[PDB]
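All remarks here apply to the structure that follows.
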2 protein chains.
Amino acid sequence: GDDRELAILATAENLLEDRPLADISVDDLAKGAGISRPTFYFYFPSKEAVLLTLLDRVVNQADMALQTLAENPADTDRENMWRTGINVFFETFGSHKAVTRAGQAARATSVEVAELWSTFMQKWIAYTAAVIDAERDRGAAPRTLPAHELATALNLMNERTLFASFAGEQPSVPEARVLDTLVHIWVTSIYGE
Amino acid sequence: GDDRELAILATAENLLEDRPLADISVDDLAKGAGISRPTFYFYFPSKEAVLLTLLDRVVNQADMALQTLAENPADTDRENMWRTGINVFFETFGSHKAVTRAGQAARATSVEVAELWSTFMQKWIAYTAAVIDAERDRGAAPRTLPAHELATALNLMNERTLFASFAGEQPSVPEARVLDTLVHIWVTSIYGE
Ligand SMILES: O=C(NCC1CCN(c2ncccn2)CC1)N1CCCC1
Ligand SMILES: O=C(NCC1CCN(c2ncccn2)CC1)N1CCCC1
Ligand SMILES: O=C(NCC1CCN(c2ncccn2)CC1)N1CCCC1
Ligand SMILES: O=C(NCC1CCN(c2ncccn2)CC1)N1CCCC1
């Protein structure tokens, strides 16, 4: 039941390693899932809905992880606390690079994908800003830029820079160096006078 | 001569204010330029080549401006020196937002557009890194991250954050606040211990 649904999702993620969604047909997905074409259409309306489900699954995994961390602070210094959050993305999206690439390709023209991403970004930006504001209130960080603006730019930086790293874009920070690079810019800009 | 070429480019930029390149036909461009379809094909091979030319023109304008600044340093403090460079983008791409939007949409699937962007980003990243290295050598900045990695992340941040601002994306830093936001993150991360 969910078995055929899971098989379809698995096939799509496997195929997305090799080519883009426009070179993948519903028939390829059904065939990889061991089902016929009209059976496919009972679980999904289109190959784009399959991508949307993969993306929704990845983004919810990252969001649940961050929600765990937020409830269970590490006992370590500030620099390590920001690193542990950024590492959620580095690990979760970094474990699903083909899905990430296809999501980015899609939101060029898909309103559902853009909106899904936006909702989550708003949430994590707000959380980031709430932390920065808490740090200023406790006297740990200086009141420099408006926290929400700062949190928007640092979150967008991470989106773009992790994407380029995972893609191996030229230019890009090597994947082995991207987390230390991001952490340095977050700590200096949040705590720096 | 260049007159009909200039008219075609002008028509394409005007139309790109209203819809994407996929809703624009060669016939629309010719008609707006006052020429026939086969006459269009004498100046350009396709509507995509017209976009590529607009993009090449915008990116060369920004690059020539930065080359002017690099040759003619302002007499002001460090913070203002970085602001003057970032402002080149804010002004040049910000004066051509529809072309910028269409360029971003395109590089989702166009190798020529991706490569053109990449070449220039490499150049400005290298320049940024050379400055950071000069600042460390003169004892004005601390030796923290490798300069080239730092310069890659800060340049990618600007690309993504200015794009979102100019687009009015949700989330995005308002256009009136984006330059001060970027400058703060560049100065703290370059000069911050
Ligand atoms: O790296 C990021 N964001 C990092 C932030 C860091 C702070 N934060 C968080 N920290 C501790 C617990 C829960 N949340 C929210 C996530 N992004 C890449 C794709 C878009 C966002
Ligand atoms: O590039 C990004 N984020 C932006 C894209 C947006 C499209 N898309 C997506 N995914 C889930 C839900 C909705 N949209 C894949 C992510 N990252 C690189 C690694 C960290 C996140
Ligand atoms: O805002 C940026 N980059 C800013 C840098 C700042 C330093 N710099 C420069 N400074 C003084 C003179 C010449 N060059 C090179 C450009 N970007 C947005 C799109 C991609 C790059
Ligand atoms: O988003 C960006 N940059 C990236 C895109 C890349 C596609 N594209 C482009 N343009 C010229 C030459 C090649 N590609 C338009 C720019 N910016 C926002 C304002 C500052 C630059």
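FYI, it's all coordinate maths here, none of it is from the lab. Neighbour counts are summed over all protein chains in view; Cβ atoms, including those assigned to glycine, are modelled from backbone coordinates with ideal geometry.
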## Note on the structure
The answer for the net charge of residues other than A:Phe44 whose Cβ lies under 12 angstrom from its Cβ, with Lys and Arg +1 and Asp and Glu -1, is +1
#### Entry: Above-threshold pairs, the threshold being 29 Å between Cα atoms, out of A:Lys97/B:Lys123; A:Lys123/B:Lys123; A:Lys47/A:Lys97
A:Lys123/B:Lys123
### Query
Averaged over B:111-120, how many beta carbons belonging to a partner chain fall within 10 Å of each residue's beta carbon?
1
### Task
Would you mind computing Rg(Cα) / (2.2 N^0.38 Å) for region A:36-96, counting N as its residues?
1.61
### Summary
So for the protein assembly as shown, using the alpha carbon gyration tensor with a ≥ b ≥ c as root eigenvalues (a/c under 1.5 gives rounded; past that, a/b versus b/c decides prolate or oblate), I'd call it oblate
### Message
Between A:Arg37 and A:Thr76, how high is the FRET efficiency from 1/(1 + (r/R0)^6) when r is the Cβ-Cβ distance and R₀ = 51 Å? Nearest 0.05.
### Response
0.45
### Query
If you count, for every residue in B:102-108, the Cβ atoms of partner chains within 10 Å of its Cβ, what is the mean?
2
### Message
Could you work out the relative contact order of chain B? I mean the mean sequence separation of Cα pairs under 8 Å and 6+ apart, divided by the number of residues, in percent.
### Response
19 percent
### Among B:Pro174, B:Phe90, B:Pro45 - extreme Cα towards positive end, dipole of the protein assembly as shown, charges at beta-carbon
B:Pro45
### Task
Compute the projected area of the convex hull of the Cα atoms of region A:47-193, averaged over all viewing directions, and report it in nm² to one decimal place.
9.1 nm²
### Query
Efficiency by 1/(1 + (r/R0)^6): what FRET value for B:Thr119 and A:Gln67, r their Cβ-Cβ distance, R0 = 35 Å, to the nearest 0.05?
0.25
## Note on the structure
For region B:1-46 (alpha-carbon point model, no solvent) the Debye-based log₁₀ I(q)/I(0) at q = 0.28 Å⁻¹ works out to -1.04
### Message
Please compute the average number of Cβ atoms from other chains found within 10 Å of each residue's Cβ in peptide A:180-191.
### Response
5
### Query
Over all directions, what mean area does the Cα convex hull of region A:126-193 project, stated in square nanometres?
4.6 nm²
### Summary
Rounded to the nearest 500, the 222 nm mean residue ellipticity computed for chain A from DSSP H runs (n ≥ 4, each -39500 (n - 2.57)) alone is -25000 deg cm²/dmol
### Query
B:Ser46 versus B:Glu17, label points 7 Å from Cα toward the beta carbon: distance in nm?
2.8 nm
### Query
What helices does chain B have that are whole DSSP H segments, at least 20 Å long along their own axis by Cα, and with mean Kyte-Doolittle hydropathy of 1.0 or more?
none
#### Entry: Qualifying trypsin sites (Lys or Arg not before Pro) in region A:141-193, DSSP loop, other Cβ atoms within 10 Å at most 13
A:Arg143
### Query
Where the label is 7 Å out from Cα toward Cβ, how close does A:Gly32 come to the same position in every other copy, in nm, shortest first?
3.9
## Note on the structure
Residues meeting the amide H criterion for A:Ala108 (H placed from the backbone, H to H distance under 5 Å, 5 or more places apart or on another chain) are none
### Task
Report, in cubic angstrom per residue, the convex hull volume of the C-alpha atoms of region B:21-128.
119 Å³
